[PDB]
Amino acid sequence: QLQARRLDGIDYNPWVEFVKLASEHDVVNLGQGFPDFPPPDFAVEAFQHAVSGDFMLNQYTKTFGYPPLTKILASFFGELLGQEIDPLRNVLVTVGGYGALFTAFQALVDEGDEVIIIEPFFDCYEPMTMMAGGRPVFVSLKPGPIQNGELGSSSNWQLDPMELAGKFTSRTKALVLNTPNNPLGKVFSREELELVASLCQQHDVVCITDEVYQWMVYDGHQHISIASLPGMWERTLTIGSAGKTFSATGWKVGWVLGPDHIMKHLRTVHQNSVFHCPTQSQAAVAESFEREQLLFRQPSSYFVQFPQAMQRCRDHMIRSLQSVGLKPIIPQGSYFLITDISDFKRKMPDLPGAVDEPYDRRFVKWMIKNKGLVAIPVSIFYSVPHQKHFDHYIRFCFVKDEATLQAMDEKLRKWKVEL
């Protein structure tokens, strides 16, 4: 073989496929998990300052992070986590939340280890486990009963304690937690986190916690970081994304926070893979966090204003999608909501596609080509054996400009007449 065996079974990527398909048709693109409006002025200005300031910012910075960035990460997140964070020993700056995940898997996961992943899961957790020689083990959130003409809530998708406990074994190396969850929008409760924490402590397992949507919480729901829970700092790696934090996904800056005895291994991966992150975007992100720490909890701060604005976009989309019979599950956080399409599957089962092909994939192609709306089939966030059973949801992104939502409504009005 030319190629390494570690690449077995991970050459296909759904986003590569889906982005190509959407670009081939005239659509309102609610599949894109990023803003189509500008980042806040302070953030764009921060990047402008970084590229017009000290000329030496054009040259390499320190391997484990631009010092002003590690300093503010350690200060701000130390406060949030109720933890003393050493910028040199407990912070690593990475190429996005994505690179941070990769660094964690490559540092800790070895041949034969099991990694527990919670369905629905941000799809990369599976192939990253595989590339590191790990065996993915899946626990599935249980959609709650929906009654009295109500919409479901993401909060009511349950992490069953018996199910979760049954997935832990002597071979479990890590559990991957994503809260707020992409694609579902669930914000894990203290009780749910205590369940995860108790089992990670009992089995001596590391929790890799993907908290990129930390600030995107709605309806009074509170983000809780599992690393802040008793006994968890010493066994947790906490991941964030500047892009998802500051509505600047193209900046691709992320970080991992955690204890030195774990972090030293991620540093080893980092020094042997990218070595440096870009200097100037780090400077921009540091300046942006400084601004938010200064205004923390104040009504003028982005972390207060932006979630409030996006909650209005969420509510708008929830109302609109119902007009054509899609059934939203109300999210408590993230950029996303999912809609149940089971009524469509029942009444329009015979959409064309491959003999094995999940209904949601076929529905999304139908909707793009005939209705001019893009969504993401939720089955890509499920293990293959479960895709045939979770093929009746699709994911929309509501973090969009007013004009995009109006364009969405135009499409929905046309559909509604065609029902």
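In case it trips you up, residue 1 is the first one in the sequence shown, and so on.
In the comparison with other entries of the same protein, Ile146 is left without coordinates in at least one third of those covering both sides of it. When 56 to 64 is weighed against 364 to 372, 364 to 372 comes out higher, by mean CA B-factor as recorded in the entry. Higher average CA B factor: 191 to 199, of the stretches 116 to 124 and 191 to 199. In this structure the maximum Cα B-factor among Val27, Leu69, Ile394, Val384 is found at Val27. Within the selection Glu290, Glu211, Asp110, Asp340, the deposited Cα B-factor values reach their highest point at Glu290. In the deposited entry, the Cα temperature factor of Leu294 sits in the top third of values across the chain's modelled residues. Remark: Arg235 belongs to the middle third of its chain, ranked by C-alpha B-factor as recorded.
Compared with the other modelled residues of the chain, the Cα B-factor recorded for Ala4 ranks in the middle third. In this PDB entry, the Cα temperature factor of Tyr302 sits in the top third of its chain's modelled residues, the highest group. In the PDB entry, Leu151 places in the highest third of its chain by CA B-factor.
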